[PDB]
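Chemist: I have a structure I would like to understand better, so I am pasting it below and will then ask my questions one at a time.
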Amino acid sequence: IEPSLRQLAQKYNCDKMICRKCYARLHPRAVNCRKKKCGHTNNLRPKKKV
Amino acid sequence: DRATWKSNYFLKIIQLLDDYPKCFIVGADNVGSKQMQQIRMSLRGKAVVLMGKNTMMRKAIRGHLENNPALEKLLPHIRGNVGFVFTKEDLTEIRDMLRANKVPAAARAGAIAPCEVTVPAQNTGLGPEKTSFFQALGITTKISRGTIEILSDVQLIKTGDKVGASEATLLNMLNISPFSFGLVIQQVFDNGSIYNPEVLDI
Amino acid sequence: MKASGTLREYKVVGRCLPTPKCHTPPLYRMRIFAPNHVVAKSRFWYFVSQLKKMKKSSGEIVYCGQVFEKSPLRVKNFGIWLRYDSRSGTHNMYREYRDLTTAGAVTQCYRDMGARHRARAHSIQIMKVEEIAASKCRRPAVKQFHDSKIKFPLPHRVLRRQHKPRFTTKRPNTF
Amino acid sequence: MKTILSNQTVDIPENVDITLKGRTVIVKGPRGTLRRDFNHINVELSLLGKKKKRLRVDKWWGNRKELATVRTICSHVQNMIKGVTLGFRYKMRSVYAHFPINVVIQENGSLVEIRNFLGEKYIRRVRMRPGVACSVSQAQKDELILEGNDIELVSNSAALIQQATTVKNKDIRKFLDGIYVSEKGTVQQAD
Amino acid sequence: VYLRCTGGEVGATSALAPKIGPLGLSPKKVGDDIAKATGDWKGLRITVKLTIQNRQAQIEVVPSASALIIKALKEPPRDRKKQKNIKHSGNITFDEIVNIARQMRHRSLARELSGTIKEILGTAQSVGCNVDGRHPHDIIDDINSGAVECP
RNA sequence: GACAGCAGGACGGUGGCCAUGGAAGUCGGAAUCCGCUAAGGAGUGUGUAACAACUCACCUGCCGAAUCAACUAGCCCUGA
Ligand SMILES: [Mg+2]
Ligand SMILES: [Mg+2]
């Protein structure tokens, strides 16, 4: 199942911060939404894990 | 805080310098808290180990007090996690050679040095199942009478190899001793003498 | 105020009327920055009516004089204290200006407050003006103008808006 | 706050040579040559040293965003120097699902052809950049090596590969499949 | 050697620890019966039990733990039959029994020779912590004994 | 010799105490101390049903001199 390759794919697809307002995949250590559709808000949440 | 605490640390270091004129320089870059407590509680009846940050560069100020001989030779020697060991007893050259005790060596990701780890054909002796780590790595195992044995003789970790999480957990469950390391003496300083321990002391 | 053009510094002394209840008024003294002496006298009445029990009818102004600069040929550093009234609520402020004279520095203070903070001459109340020396300036702009042997060129210096003919074969270069 | 000059310092080794006819930087070394244009930025690029090769990136008054911009020139000059001395090598392991991915090259390493693609029958073709070559690694399962000189070209080719391998119309937390960038490094190692 | 820190009643309600044990299959009821025999009268609360297994049976050693014997130095017994009056009565003096207790505490504390162990076991409680007429803030400051007589 | 970065440590009493389906710092209520100290908060989070691993408060190894936090109001943006 290659857990190291699963960790790499989760690094490139899963561990992100999703904003509650602009709905943008940004960065794991993000602060604000880089998109100007919301106003660079800090209302973030980690992407949901199982 | 961090002002009265630093002044109290200054009082402790001037008390240890005025009490114990004999010292040993050690390095403990790869050490654990339980290991340090074992070393302290095995050496309660003798020398006392002290560590710290750039406040340990204090013999310069102790010489700026102008109450010393030329003892500042150890000022370019405190580089790369250098700690003092203050003493009064020895006068005895068997310290740390009869006291370099074997310590766990618990399996943790990060250690590469110095040797290899080999697992011969030996039963595990563990409960059900303890086979998932062997399935994640790949080891020819056969289930005998209840303790599951290993058919082949494989090498897990070579020299300079990074330790993985599943490898560390299976080594912790098999209790085969991983890489061990204790505090290493680096420079001997006894009453203003410049020792060159490559190889002169002991 | 209007703060039209450059400003001027006026020393204005003023006292109460000599009354039989209390003769010899204390004859107070202020340092008013104003475009001319009439605005200086009126702003003096404004500040002294803020401070003490004084008004234009029951008092008088003894003297109102121009205050010339003690050293106009010296590039000096002035700290200005501000009591400006913003849109929500009023605020105190400390600003620094490197300029020749005090009236010019307070002029730049009015122009800069009107530029950045949209403050009119109605809202700005100059609390105090004090020359400060080097190694006391809180501001990084004046701190980086504090350079001996200072060097900078003038990149992209375009000028002469239609002083040249409007229709030429030239293609003007900069620097 | 109209800050007076900001200058960035670049040391240039003796293996390579730099030449500027303006804001155009031309760096020629052992592994080919590489030239770029800094026309839209207007920051002075001076050099000094008789066979000492000290570059300076100097900007006068400017603004805060332009003082942010003046370090970007120094960093791209460092990237060009590393690309002309050592080169760039991106190693991409094919993290594959139940269906494996068959990656071949067609036009001498400039056309990556992708097959079997999570069971999708559509054979995928990705044309790379002029100046980057592709290879399938040896002594390692499904590793894809991209070698080149310019970091922007090599990483844009790797971005085209990792975006051409993309799970669509699904929960992409599940089906962790695609050619992702595993290792970033140089061609000539130990330097 | 198996270690376990549990105790209410004895149990035997089709639920037990053994997990390492059934590799050799030595405890199924005899180990529980001898554990009952070693838990007769000591006590009615959580104890620490370690069994040494050498090829025929289990040797049941009870190493006493500090907070467990502090709870055992309460007023006995409180097991069932109108409990909860209320939770934290604990009106004792313990001026010598905790002293004998940490005299028995050897090689498991990483301690100074009775230096501040009085402070340790006087402030490591949540029910008693002192004789009823003084304060543990006075225990922290006003102990000047034991450090000569104990070593 | 700070903020950042990279690396290591992050214990003993104690599987503390009220809780039994479980808490053995991580659902939960009340608390709150000592030793080693280079430092450990009866513990900031992830995770286990719990036992385990990871990380943080704090400390130390290299680098090297400025850095961080909370408010406030002018332009501009989202709200539109
Ligand atoms: Mg669907
Ligand atoms: Mg608008």
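By order in the structure tokens, chains are A, B, ...; within a chain, residues start at 1; ligands start at 1, following the order shown.
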Please build the interface table for chain F against ligand 2 with a cut-off of 12 Å, listing for each qualifying residue the nearest atom pair and the distance in Å to one decimal; count only C-alpha atoms (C1' of nucleotides) and all ligand atoms, order rows by chain and increasing number, and write it as JSON lines.

Modeler:
{"residue": "F:75", "atom": "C1'", "partner": "ligand 2", "partner_atom_place_in_ligand_line": "1 (Mg)", "distance": 11.9}
{"residue": "F:76", "atom": "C1'", "partner": "ligand 2", "partner_atom_place_in_ligand_line": "1 (Mg)", "distance": 8.5}
{"residue": "F:77", "atom": "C1'", "partner": "ligand 2", "partner_atom_place_in_ligand_line": "1 (Mg)", "distance": 7.2}
{"residue": "F:78", "atom": "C1'", "partner": "ligand 2", "partner_atom_place_in_ligand_line": "1 (Mg)", "distance": 8.6}
{"residue": "F:79", "atom": "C1'", "partner": "ligand 2", "partner_atom_place_in_ligand_line": "1 (Mg)", "distance": 9.4}
{"residue": "F:80", "atom": "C1'", "partner": "ligand 2", "partner_atom_place_in_ligand_line": "1 (Mg)", "distance": 7.6}

Chemist: Deliver the residues from the most recent selection as a file, using C-alpha atoms (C1' of nucleotides), as a PDB file, in the first residue's frame.

Modeler:
ATOM      1  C1'   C F  75      -6.557  55.420   0.927  1.00  0.00           C
ATOM      2  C1'   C F  76      -7.938  50.808  -1.441  1.00  0.00           C
ATOM      3  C1'   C F  77     -10.478  45.758  -1.405  1.00  0.00           C
ATOM      4  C1'   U F  78     -14.464  42.075   0.358  1.00  0.00           C
ATOM      5  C1'   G F  79     -19.162  42.540   2.345  1.00  0.00           C
ATOM      6  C1'   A F  80     -22.134  44.978  -2.694  1.00  0.00           C
TER       7        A F  80
END

Chemist: If we count only C-alpha atoms (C1' of nucleotides), what is near stretch 34-41 of chain B at a cut-off of 9 Å, once residues fewer than 2 positions away on the same chain are taken out, given as a list in words?

Modeler: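 Returned residues: residues 31, 32, 43, 44, 45, 48, 49, 101, 103, 104 and 182 of chain B; 110 and 111 of chain E; 11, 12 and 36 of chain F.
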
Chemist: Give as a PyMOL selection string the residues surrounding ligand 1 up to a distance of 12 Å, considering only C-alpha atoms (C1' of nucleotides) and all ligand atoms.

Modeler: chain D and resi 168-172+174

Chemist: How would the residues just picked look written out with N, CA, C and O atoms as a PDB file, in the first residue's frame?

Modeler:
ATOM      1  N   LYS D 168     -10.170  13.598 -11.126  1.00  0.00           N
ATOM      2  CA  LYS D 168     -11.265  14.508 -11.419  1.00  0.00           C
ATOM      3  C   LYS D 168     -12.600  13.887 -11.034  1.00  0.00           C
ATOM      4  O   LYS D 168     -12.787  12.669 -11.130  1.00  0.00           O
ATOM      5  N   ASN D 169     -13.515  14.755 -10.581  1.00  0.00           N
ATOM      6  CA  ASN D 169     -14.902  14.420 -10.226  1.00  0.00           C
ATOM      7  C   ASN D 169     -14.988  13.362  -9.129  1.00  0.00           C
ATOM      8  O   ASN D 169     -15.927  12.566  -9.096  1.00  0.00           O
ATOM      9  N   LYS D 170     -14.009  13.340  -8.227  1.00  0.00           N
ATOM     10  CA  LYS D 170     -13.990  12.397  -7.120  1.00  0.00           C
ATOM     11  C   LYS D 170     -13.552  13.108  -5.851  1.00  0.00           C
ATOM     12  O   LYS D 170     -13.065  14.241  -5.878  1.00  0.00           O
ATOM     13  N   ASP D 171     -13.732  12.420  -4.729  1.00  0.00           N
ATOM     14  CA  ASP D 171     -13.040  12.786  -3.503  1.00  0.00           C
ATOM     15  C   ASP D 171     -11.561  12.483  -3.693  1.00  0.00           C
ATOM     16  O   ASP D 171     -11.170  11.315  -3.774  1.00  0.00           O
ATOM     17  N   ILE D 172     -10.737  13.530  -3.777  1.00  0.00           N
ATOM     18  CA  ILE D 172      -9.315  13.352  -4.039  1.00  0.00           C
ATOM     19  C   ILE D 172      -8.512  13.143  -2.766  1.00  0.00           C
ATOM     20  O   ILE D 172      -7.278  13.070  -2.826  1.00  0.00           O
ATOM     21  N   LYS D 174      -9.374  10.311  -1.053  1.00  0.00           N
ATOM     22  CA  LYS D 174      -9.272   8.958  -1.568  1.00  0.00           C
ATOM     23  C   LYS D 174      -8.675   9.029  -2.977  1.00  0.00           C
ATOM     24  O   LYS D 174      -8.585  10.108  -3.569  1.00  0.00           O
TER      25      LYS D 174
END

Chemist: List the neighbours of stretch 104-117 of chain D out to 8 Å using only C-alpha atoms (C1' of nucleotides); skip same-chain residues closer than 5 positions along the sequence, and give me the result as JSON, numbers by chain.

Modeler: {"D": [99, 122, 123, 124, 125, 126, 127, 128, 129, 130, 132, 133, 134, 135, 136, 165]}

Chemist: Could you pull out the strand (DSSP E) residues of chain C, going by DSSP on the backbone, and write them as number ranges by chain?

Modeler: C: 8-16, 28-34, 59-66, 76-85, 90-99, 126-132

Chemist: Emit the selected residues as a short mmCIF file (atom, residue, chain, number, x, y, z; two decimals), in the first residue's frame, including N, CA and C atoms.

Modeler:
data_model
loop_
_atom_site.label_atom_id
_atom_site.label_comp_id
_atom_site.auth_asym_id
_atom_site.auth_seq_id
_atom_site.Cartn_x
_atom_site.Cartn_y
_atom_site.Cartn_z
N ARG C 8 3.68 81.13 10.14
CA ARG C 8 4.51 82.08 10.85
C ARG C 8 4.34 81.89 12.35
N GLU C 9 5.42 82.09 13.09
CA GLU C 9 5.43 81.92 14.54
C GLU C 9 5.23 83.28 15.21
N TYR C 10 4.29 83.34 16.15
CA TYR C 10 4.00 84.58 16.87
C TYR C 10 4.02 84.33 18.36
N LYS C 11 4.82 85.12 19.08
CA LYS C 11 4.75 85.17 20.53
C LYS C 11 3.64 86.13 20.93
N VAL C 12 2.62 85.62 21.61
CA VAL C 12 1.46 86.41 21.98
C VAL C 12 1.31 86.36 23.50
N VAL C 13 1.34 87.52 24.14
CA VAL C 13 1.08 87.61 25.58
C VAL C 13 -0.27 88.28 25.78
N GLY C 14 -1.00 87.81 26.78
CA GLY C 14 -2.34 88.30 27.03
C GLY C 14 -2.69 88.19 28.49
N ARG C 15 -3.51 89.13 28.96
CA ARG C 15 -3.89 89.17 30.37
C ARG C 15 -5.37 89.49 30.47
N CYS C 16 -5.88 89.45 31.70
CA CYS C 16 -7.25 89.87 31.98
C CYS C 16 -7.31 91.38 32.14
N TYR C 28 -0.21 85.94 30.74
CA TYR C 28 0.22 84.67 30.18
C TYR C 28 0.82 84.85 28.79
N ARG C 29 1.45 83.78 28.29
CA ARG C 29 2.31 83.84 27.12
C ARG C 29 2.18 82.55 26.33
N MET C 30 1.92 82.65 25.03
CA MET C 30 1.85 81.48 24.17
C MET C 30 2.61 81.71 22.88
N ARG C 31 2.80 80.61 22.15
CA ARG C 31 3.61 80.52 20.94
C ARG C 31 2.72 79.94 19.84
N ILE C 32 2.08 80.82 19.08
CA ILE C 32 1.02 80.43 18.16
C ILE C 32 1.56 80.41 16.74
N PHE C 33 1.35 79.31 16.03
CA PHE C 33 1.68 79.20 14.62
C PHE C 33 0.44 79.51 13.80
N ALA C 34 0.57 80.48 12.89
CA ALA C 34 -0.58 81.06 12.20
C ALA C 34 -0.08 81.75 10.94
N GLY C 59 -10.74 90.43 28.65
CA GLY C 59 -9.30 90.36 28.61
C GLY C 59 -8.74 91.25 27.52
N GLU C 60 -7.42 91.19 27.38
CA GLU C 60 -6.72 91.95 26.35
C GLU C 60 -5.44 91.21 25.99
N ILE C 61 -4.92 91.53 24.81
CA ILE C 61 -3.63 91.03 24.35
C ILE C 61 -2.62 92.16 24.46
N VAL C 62 -1.57 91.93 25.24
CA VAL C 62 -0.59 92.98 25.49
C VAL C 62 0.34 93.15 24.30
N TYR C 63 0.83 92.04 23.75
CA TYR C 63 1.79 92.10 22.66
C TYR C 63 1.67 90.86 21.79
N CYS C 64 1.80 91.06 20.48
CA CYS C 64 1.78 89.99 19.48
C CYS C 64 2.92 90.25 18.51
N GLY C 65 3.95 89.41 18.55
CA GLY C 65 5.16 89.67 17.79
C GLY C 65 5.59 88.49 16.94
N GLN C 66 6.17 88.82 15.79
CA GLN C 66 6.81 87.82 14.94
C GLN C 66 8.04 87.25 15.63
N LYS C 76 17.74 71.34 10.84
CA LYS C 76 17.46 70.90 12.20
C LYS C 76 16.34 69.87 12.21
N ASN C 77 16.12 69.30 13.39
CA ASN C 77 15.14 68.23 13.61
C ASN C 77 14.14 68.70 14.66
N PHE C 78 12.86 68.68 14.31
CA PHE C 78 11.81 69.19 15.18
C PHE C 78 10.80 68.10 15.48
N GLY C 79 10.52 67.90 16.77
CA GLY C 79 9.44 67.05 17.21
C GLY C 79 8.20 67.88 17.49
N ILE C 80 7.10 67.47 16.86
CA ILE C 80 5.82 68.18 16.94
C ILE C 80 4.85 67.29 17.71
N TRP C 81 4.11 67.89 18.63
CA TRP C 81 3.07 67.20 19.38
C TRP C 81 1.70 67.65 18.88
N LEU C 82 0.80 66.68 18.67
CA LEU C 82 -0.45 66.87 17.95
C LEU C 82 -1.61 66.37 18.79
N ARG C 83 -2.73 67.10 18.73
CA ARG C 83 -3.97 66.76 19.43
C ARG C 83 -5.11 66.71 18.42
N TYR C 84 -4.92 65.91 17.37
CA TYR C 84 -5.80 66.02 16.21
C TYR C 84 -7.12 65.31 16.46
N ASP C 85 -8.18 65.84 15.88
CA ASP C 85 -9.52 65.27 16.02
C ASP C 85 -9.85 64.49 14.76
N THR C 90 -10.69 61.88 18.98
CA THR C 90 -9.43 62.60 18.87
C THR C 90 -8.28 61.78 19.44
N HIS C 91 -7.07 62.08 18.95
CA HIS C 91 -5.88 61.33 19.31
C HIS C 91 -4.69 62.27 19.45
N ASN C 92 -3.78 61.90 20.35
CA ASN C 92 -2.48 62.53 20.48
C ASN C 92 -1.49 61.87 19.53
N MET C 93 -0.44 62.62 19.19
CA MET C 93 0.49 62.18 18.16
C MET C 93 1.83 62.88 18.34
N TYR C 94 2.91 62.13 18.13
CA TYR C 94 4.26 62.69 18.08
C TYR C 94 4.83 62.48 16.69
N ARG C 95 5.20 63.56 16.02
CA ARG C 95 5.78 63.49 14.69
C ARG C 95 7.16 64.14 14.69
N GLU C 96 7.97 63.78 13.69
CA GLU C 96 9.31 64.33 13.56
C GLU C 96 9.50 64.86 12.14
N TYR C 97 10.16 66.02 12.03
CA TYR C 97 10.38 66.65 10.74
C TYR C 97 11.77 67.25 10.69
N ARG C 98 12.52 66.92 9.65
CA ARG C 98 13.84 67.51 9.42
C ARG C 98 13.67 68.67 8.45
N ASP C 99 13.87 69.88 8.94
CA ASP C 99 13.64 71.08 8.14
C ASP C 99 14.50 72.20 8.71
N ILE C 126 -1.70 72.11 17.78
CA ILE C 126 -0.28 71.91 18.06
C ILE C 126 -0.05 72.04 19.56
N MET C 127 0.38 70.95 20.19
CA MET C 127 0.60 71.00 21.63
C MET C 127 1.95 71.63 21.96
N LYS C 128 3.02 71.15 21.33
CA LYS C 128 4.35 71.64 21.64
C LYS C 128 5.26 71.38 20.45
N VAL C 129 6.22 72.28 20.24
CA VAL C 129 7.24 72.15 19.20
C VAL C 129 8.59 72.22 19.88
N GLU C 130 9.43 71.20 19.67
CA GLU C 130 10.73 71.19 20.32
C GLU C 130 11.80 70.67 19.38
N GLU C 131 12.90 71.42 19.27
CA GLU C 131 14.06 70.95 18.52
C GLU C 131 14.73 69.82 19.28
N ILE C 132 14.90 68.67 18.63
CA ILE C 132 15.64 67.56 19.19
C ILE C 132 16.90 67.35 18.37
#

Chemist: So that I can check the surroundings of residue D:35, please list as a PyMOL selection string every protein, DNA and RNA residue that reaches within 9 Å of it, counting only C-alpha atoms (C1' of nucleotides) and ignoring chain neighbours fewer than 3 positions away.

Modeler: chain D and resi 24-28+80

Chemist: Against chain E, which residues of chain F fall within 7 Å? For each one I want the closest pair of atoms and the distance in Å (one decimal), counting only C-alpha atoms (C1' of nucleotides), rows by chain and increasing residue number, as JSON lines.

Modeler:
{"residue": "F:12", "atom": "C1'", "partner": "E:109", "partner_atom": "CA", "distance": 5.9}
{"residue": "F:13", "atom": "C1'", "partner": "E:109", "partner_atom": "CA", "distance": 5.7}
{"residue": "F:15", "atom": "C1'", "partner": "E:5", "partner_atom": "CA", "distance": 6.7}
{"residue": "F:16", "atom": "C1'", "partner": "E:67", "partner_atom": "CA", "distance": 6.9}
{"residue": "F:17", "atom": "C1'", "partner": "E:126", "partner_atom": "CA", "distance": 6.1}
{"residue": "F:33", "atom": "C1'", "partner": "E:123", "partner_atom": "CA", "distance": 4.9}
{"residue": "F:34", "atom": "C1'", "partner": "E:120", "partner_atom": "CA", "distance": 4.7}
{"residue": "F:35", "atom": "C1'", "partner": "E:111", "partner_atom": "CA", "distance": 6.1}

Chemist: Give the residues of chain F that lie within 7 Å of chain B; count only C-alpha atoms (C1' of nucleotides), and format the answer as a PDB file with N, CA, C and O atoms (P, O5', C5', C4', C3', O3' and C1' of nucleotides), in the first residue's frame.

Modeler:
ATOM      1  P     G F   8      16.043  15.456  15.396  1.00  0.00           P
ATOM      2  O5'   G F   8      16.516  15.529  16.916  1.00  0.00           O
ATOM      3  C5'   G F   8      17.657  14.810  17.358  1.00  0.00           C
ATOM      4  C4'   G F   8      18.115  15.264  18.724  1.00  0.00           C
ATOM      5  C3'   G F   8      17.099  15.154  19.846  1.00  0.00           C
ATOM      6  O3'   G F   8      16.949  13.838  20.343  1.00  0.00           O
ATOM      7  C1'   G F   8      18.151  17.256  19.959  1.00  0.00           C
ATOM      8  P     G F   9      15.519  13.354  20.894  1.00  0.00           P
ATOM      9  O5'   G F   9      15.425  14.017  22.337  1.00  0.00           O
ATOM     10  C5'   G F   9      16.380  13.695  23.335  1.00  0.00           C
ATOM     11  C4'   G F   9      16.261  14.590  24.541  1.00  0.00           C
ATOM     12  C3'   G F   9      14.902  14.645  25.210  1.00  0.00           C
ATOM     13  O3'   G F   9      14.636  13.513  26.016  1.00  0.00           O
ATOM     14  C1'   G F   9      15.785  16.828  25.031  1.00  0.00           C
ATOM     15  P     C F  11       8.695  13.009  28.028  1.00  0.00           P
ATOM     16  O5'   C F  11       9.604  12.223  29.072  1.00  0.00           O
ATOM     17  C5'   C F  11       9.145  11.986  30.394  1.00  0.00           C
ATOM     18  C4'   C F  11      10.286  11.734  31.347  1.00  0.00           C
ATOM     19  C3'   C F  11       9.888  11.189  32.708  1.00  0.00           C
ATOM     20  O3'   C F  11       9.670   9.789  32.696  1.00  0.00           O
ATOM     21  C1'   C F  11      11.417  12.974  32.987  1.00  0.00           C
ATOM     22  P     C F  36      18.023  18.638  42.897  1.00  0.00           P
ATOM     23  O5'   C F  36      18.077  17.874  41.501  1.00  0.00           O
ATOM     24  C5'   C F  36      18.679  16.593  41.366  1.00  0.00           C
ATOM     25  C4'   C F  36      18.564  16.118  39.943  1.00  0.00           C
ATOM     26  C3'   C F  36      18.976  17.150  38.904  1.00  0.00           C
ATOM     27  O3'   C F  36      20.369  17.154  38.642  1.00  0.00           O
ATOM     28  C1'   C F  36      16.840  16.265  38.347  1.00  0.00           C
ATOM     29  P     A F  38      21.938  22.058  34.674  1.00  0.00           P
ATOM     30  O5'   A F  38      21.980  22.543  33.158  1.00  0.00           O
ATOM     31  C5'   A F  38      21.671  23.889  32.820  1.00  0.00           C
ATOM     32  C4'   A F  38      20.513  23.987  31.857  1.00  0.00           C
ATOM     33  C3'   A F  38      19.181  23.430  32.363  1.00  0.00           C
ATOM     34  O3'   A F  38      18.113  24.276  31.943  1.00  0.00           O
ATOM     35  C1'   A F  38      19.780  22.360  30.340  1.00  0.00           C
ATOM     36  P     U F  60      18.991  27.707  27.686  1.00  0.00           P
ATOM     37  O5'   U F  60      19.806  26.768  26.687  1.00  0.00           O
ATOM     38  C5'   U F  60      20.789  25.873  27.180  1.00  0.00           C
ATOM     39  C4'   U F  60      21.117  24.778  26.195  1.00  0.00           C
ATOM     40  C3'   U F  60      21.702  25.196  24.855  1.00  0.00           C
ATOM     41  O3'   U F  60      23.077  25.537  24.911  1.00  0.00           O
ATOM     42  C1'   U F  60      20.068  23.518  24.528  1.00  0.00           C
ATOM     43  P     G F  61      23.728  26.447  23.753  1.00  0.00           P
ATOM     44  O5'   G F  61      23.948  25.457  22.524  1.00  0.00           O
ATOM     45  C5'   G F  61      24.882  24.392  22.591  1.00  0.00           C
ATOM     46  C4'   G F  61      25.006  23.691  21.260  1.00  0.00           C
ATOM     47  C3'   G F  61      25.142  24.596  20.048  1.00  0.00           C
ATOM     48  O3'   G F  61      26.465  25.067  19.860  1.00  0.00           O
ATOM     49  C1'   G F  61      23.519  22.939  19.608  1.00  0.00           C
TER      50        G F  61
END

Chemist: Show me, as an MDAnalysis selection string, the residues that have an atom within 9 Å of stretch 87-90 of chain D when counting only C-alpha atoms (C1' of nucleotides), minus same-chain residues fewer than 5 positions from it.

Modeler: chainID D and resid 31 80:82 144:151 154:155 158 181:188

Chemist: With 7 Å as the limit and counting only C-alpha atoms, what residues in chain D lie close to chain A? Please list them as a PyMOL selection string.

Modeler: chain D and resi 95+173+176

Chemist: Could you please take those selected residues and save N, CA and C atoms as an mmCIF file, in the first residue's frame?

Modeler:
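Resulting contents of result10.cif:
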data_model
loop_
_atom_site.group_PDB
_atom_site.id
_atom_site.type_symbol
_atom_site.label_atom_id
_atom_site.label_comp_id
_atom_site.auth_asym_id
_atom_site.auth_seq_id
_atom_site.Cartn_x
_atom_site.Cartn_y
_atom_site.Cartn_z
ATOM 1 N N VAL D 95 3.327 7.745 -7.328
ATOM 2 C CA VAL D 95 2.481 7.229 -6.260
ATOM 3 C C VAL D 95 1.200 6.726 -6.902
ATOM 4 N N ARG D 173 -9.173 13.051 -1.611
ATOM 5 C CA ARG D 173 -8.516 12.497 -0.434
ATOM 6 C C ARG D 173 -8.336 10.994 -0.584
ATOM 7 N N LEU D 176 -5.431 8.368 -3.977
ATOM 8 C CA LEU D 176 -4.173 9.108 -3.926
ATOM 9 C C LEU D 176 -3.272 8.602 -5.048
#

Chemist: Check which residues of chain C sit at most 9 Å from chain F using only C-alpha atoms (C1' of nucleotides), and return one row each with the closest pair of atoms and their distance in Å to one decimal, ordered by chain and rising number, as JSON lines.

Modeler:
{"residue": "C:86", "atom": "CA", "partner": "F:73", "partner_atom": "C1'", "distance": 7.3}
{"residue": "C:87", "atom": "CA", "partner": "F:73", "partner_atom": "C1'", "distance": 8.1}
{"residue": "C:88", "atom": "CA", "partner": "F:73", "partner_atom": "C1'", "distance": 8.4}
{"residue": "C:91", "atom": "CA", "partner": "F:72", "partner_atom": "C1'", "distance": 8.7}
{"residue": "C:115", "atom": "CA", "partner": "F:74", "partner_atom": "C1'", "distance": 8.4}
{"residue": "C:116", "atom": "CA", "partner": "F:74", "partner_atom": "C1'", "distance": 5.6}
{"residue": "C:117", "atom": "CA", "partner": "F:74", "partner_atom": "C1'", "distance": 4.6}
{"residue": "C:118", "atom": "CA", "partner": "F:74", "partner_atom": "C1'", "distance": 6.2}

Chemist: Please save N, CA, C and O atoms of the selected residues as a CSV table (one decimal), in the first residue's frame.

Modeler:
chain,number,residue,atom,x,y,z
C,86,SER,N,-9.9,63.2,14.9
C,86,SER,CA,-10.2,62.3,13.7
C,86,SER,C,-11.7,62.2,13.6
C,86,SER,O,-12.5,62.9,14.2
C,87,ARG,N,-12.2,61.2,12.7
C,87,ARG,CA,-13.6,61.1,12.5
C,87,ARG,C,-14.3,60.4,13.7
C,87,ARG,O,-15.4,60.9,14.1
C,88,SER,N,-13.7,59.4,14.3
C,88,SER,CA,-14.3,58.7,15.4
C,88,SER,C,-14.0,59.5,16.7
C,88,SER,O,-14.9,60.0,17.4
C,91,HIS,N,-7.1,62.1,19.0
C,91,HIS,CA,-5.9,61.3,19.3
C,91,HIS,C,-4.7,62.3,19.4
C,91,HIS,O,-4.6,63.3,18.8
C,115,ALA,N,-2.4,65.5,4.3
C,115,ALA,CA,-2.2,64.5,3.3
C,115,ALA,C,-2.6,63.1,3.8
C,115,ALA,O,-3.4,62.5,3.2
C,116,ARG,N,-1.9,62.7,4.9
C,116,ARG,CA,-2.2,61.3,5.3
C,116,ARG,C,-3.5,61.2,6.1
C,116,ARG,O,-4.4,60.4,5.6
C,117,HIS,N,-3.7,61.9,7.2
C,117,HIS,CA,-4.8,61.6,8.0
C,117,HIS,C,-6.1,62.4,7.7
C,117,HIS,O,-7.0,62.4,8.6
C,118,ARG,N,-6.1,63.1,6.6
C,118,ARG,CA,-7.2,63.9,6.2
C,118,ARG,C,-7.6,65.0,7.2
C,118,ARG,O,-8.8,65.4,7.3

Chemist: For a test of reading the model, state the distance in Å between atom CA of residue B:10 and atom CA of residue B:185, rounded to one decimal.

Modeler: 24.4 Å
